[PDB]
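Structure 1 and structure 2 below are the same protein chain in two forms, each given by itself as structure tokens.
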Structure 1
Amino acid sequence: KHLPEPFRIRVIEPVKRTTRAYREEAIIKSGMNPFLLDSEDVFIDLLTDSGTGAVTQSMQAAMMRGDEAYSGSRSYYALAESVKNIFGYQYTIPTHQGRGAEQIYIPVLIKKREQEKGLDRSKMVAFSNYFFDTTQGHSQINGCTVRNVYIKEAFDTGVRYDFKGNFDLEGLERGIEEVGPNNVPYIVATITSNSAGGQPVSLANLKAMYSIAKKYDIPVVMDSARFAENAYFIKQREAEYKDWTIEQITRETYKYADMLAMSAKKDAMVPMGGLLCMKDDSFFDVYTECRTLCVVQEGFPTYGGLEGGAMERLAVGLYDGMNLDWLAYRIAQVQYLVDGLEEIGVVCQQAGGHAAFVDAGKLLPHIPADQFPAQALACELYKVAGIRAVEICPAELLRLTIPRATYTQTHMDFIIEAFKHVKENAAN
């Protein structure tokens, strides 16, 4: 059951269709890699949910009230105030997006422990329930090795579990020790756990993760692109919070980190925006230090690469993103897609918040090892219906990512029928 949209549609961007002849030539042209296809050659564009979604009327309003002031803008304060009421975090630095909160927090947090505890850079390891590609990429650019301490269940697309994104507690505790605490610059808590497919992390797990971090005085950065979807799964699956509001769960949730880095272009539903925030005074020093570096990289920490409107809009998106009907609707669409695909013998991970991971390796096991299974299917899937999706042994899963409030159930049915044509011609 696809829930009815708890909204009226208001502004649409028209899309043209393409001949089968035409997409063949597009797919060679951007040579066997959907990633480099032209937007206009794509009907249903599932490359990513990042910044590709609808906004609300209020968000659109918000864009028209920007204070474009270089230092100390009222729009900066409007944004910082949303962060205060939602996460209860006293310190806000806007950034243009995630890719860029990371470029700041990471060198600061390494320098910090370096000064205060003799972190040895050649020996430093950071931890996460699972590092996102950018978070990882940037950790390594700063010379920091990373380890994922996820739970045995997480990538096993064959079995179901309520919070597959959780931290392996034994593993994190032992990692920290084998490495030494002085050389762990930070732990990142990814909610939802993006890389296992948007698999959520429960409150009980976050609390216990934070007890360990506390015991060794390791900063905890909450990677919050999909903070709202995570809350919804907690409301839906964790017995103790069944009656909590999403806001209430967010506030409890964020007690178990020291700071947050967020690409706003996901759950907070903005075409553009990011946040790097600190909870309290204990981190004022880090906040000061991240301000300096934000200057160099984004621009003055009162806009941090955002125009006025963007800050006004984000200040509103953080609310609209947490709407209960909204989440229930968004999450069920994904769930409906996945259900739809399981029902025709296309094996998928457990449905997460924002995307449907098809185990491409299983759909075409005759298409061999080192011939990139998903890529091949993704190419075919584009060839048949004008559907763009990408994939980037753990698991090679093709990744149907759903922009928020963008496509309808008819589109979901459309992805389904296409897959049925692919599967039913997969002997190639």
Structure 2
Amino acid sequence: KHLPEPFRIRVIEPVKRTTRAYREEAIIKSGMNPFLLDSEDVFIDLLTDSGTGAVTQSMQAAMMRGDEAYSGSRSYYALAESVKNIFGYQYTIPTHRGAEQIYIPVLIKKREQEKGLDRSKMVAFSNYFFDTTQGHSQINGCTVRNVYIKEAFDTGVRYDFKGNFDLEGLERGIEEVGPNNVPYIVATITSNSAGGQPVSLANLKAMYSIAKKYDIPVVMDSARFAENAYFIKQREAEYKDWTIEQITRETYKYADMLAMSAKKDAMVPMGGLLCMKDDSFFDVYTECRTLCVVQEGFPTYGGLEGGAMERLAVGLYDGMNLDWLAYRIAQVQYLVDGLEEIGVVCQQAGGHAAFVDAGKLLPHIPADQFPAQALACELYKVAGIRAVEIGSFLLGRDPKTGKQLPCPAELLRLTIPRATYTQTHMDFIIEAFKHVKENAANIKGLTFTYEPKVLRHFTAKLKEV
């Protein structure tokens, strides 16, 4: 059931309706690669939901109340006040993905100096690390381990909180590695495993108990803190009558600091946060704020403009609107349910995205011929929809052999920019897939005509086989 919008549309960005012939020529010009298509030629852009969503009236208005002072800005104060009242965290560092490149080395050095952490043995844990989070950890020489539950990636097996930490696994992992060697634990909410799955407050409390016992810093990766709070309100009986705000205040008692991209639930096109709960982490705050300036090995300055901090200060609240969250989540579920109904199969589908199995949809196309990229092109031809391939095309070649890397599955990712498209667009997408599935046998595979040495998915050009 797609819920009606708990809002009145106030500002729109016109998008032209193209003809089939126009799109056919467009996709050829772009070398059968949606990444090379002009935004204006895309009717429904499902490339990413990162900073591509709508803002509320108050959020937009906030952009015109900025204090551009380098220091002591009232706009910075407003943002810090929002964090304090919403998460209960006293220290705020605005960022322009939550400054993972900052807190990671800071936490590693902290434990090395205080508990004799061994850099050659250190391991960080999370219910599920985001790619960049794992990236910065490993770059800093830290091994990572995802301690997710058995039900996490098990489709066809409904579970209210598939993003939960595997409490036993975490405990066993810490003991195995040695508490002095665990620089931090990252609690990702909602979790990025299986398309996006929530984490229960009960699970978070249990995880924090474990972390506290071993005195291990806990960082809440909060890009989708609001949707997680909504899932808790909807599925965790204990919090059924709690407001999203109360659930959020409670949730954050179970972390020592937070790091988040504001480009998701916070509703803004740019910005992030790195915050610390209380004085116990004041030194961590200082170190991070310091490293923020000299991260390059010398002083470098810059930051969000005043208006952007004022906008986020408002966005943090609007992002928690109960009616909004119920609507956003219901729309995503509406799309998935609609696709499942017409026979479209997804390897995984959650709050973050739906990963359609193009291999199953287009079985006649060899993996090396990129069936998911072929599907992306067909979806554009038929409906002007742009989606990203998550398969052999994206995977690329082995840097040491120059040969195509082996890929588990050929998926096509569908993300939904917040408060941007309607139920009618969702039905349009479903009808598009229905048409593709019907004409599947006739979709051709692809082969390169131009291929970069690295990050080929962004600018490579292909032709039909």
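Note that the rigid core is defined as the largest set of C-alphas that superpose within 1.5 Å between two forms. Numbering for residues begins at 1 and runs along the sequence of structure 1.
Here the two forms are overlaid on the core, and between the two structures the C-alpha of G304 is the only one among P200, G304, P185, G317 to shift by 2 Å or more.
The Cα position of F357 differs by 2 Å or more between the two structures after fitting on the rigid core. Here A54 does not count as shifted, since its C-alpha moves by less than 2 Å between the two structures after the core is aligned. Core-superposed comparison between the two structures: the C-alpha position of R65 differs by less than 2 Å. Per-residue C-alpha deviation between the two structures, core superposed: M32, 5.7 Å. Once the rigid core is matched between the two structures, the CA atom of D133 is found 0.4 Å away. Superposed on the rigid core, the forms differ at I12: its CA is offset by 1.2 Å between the two structures.
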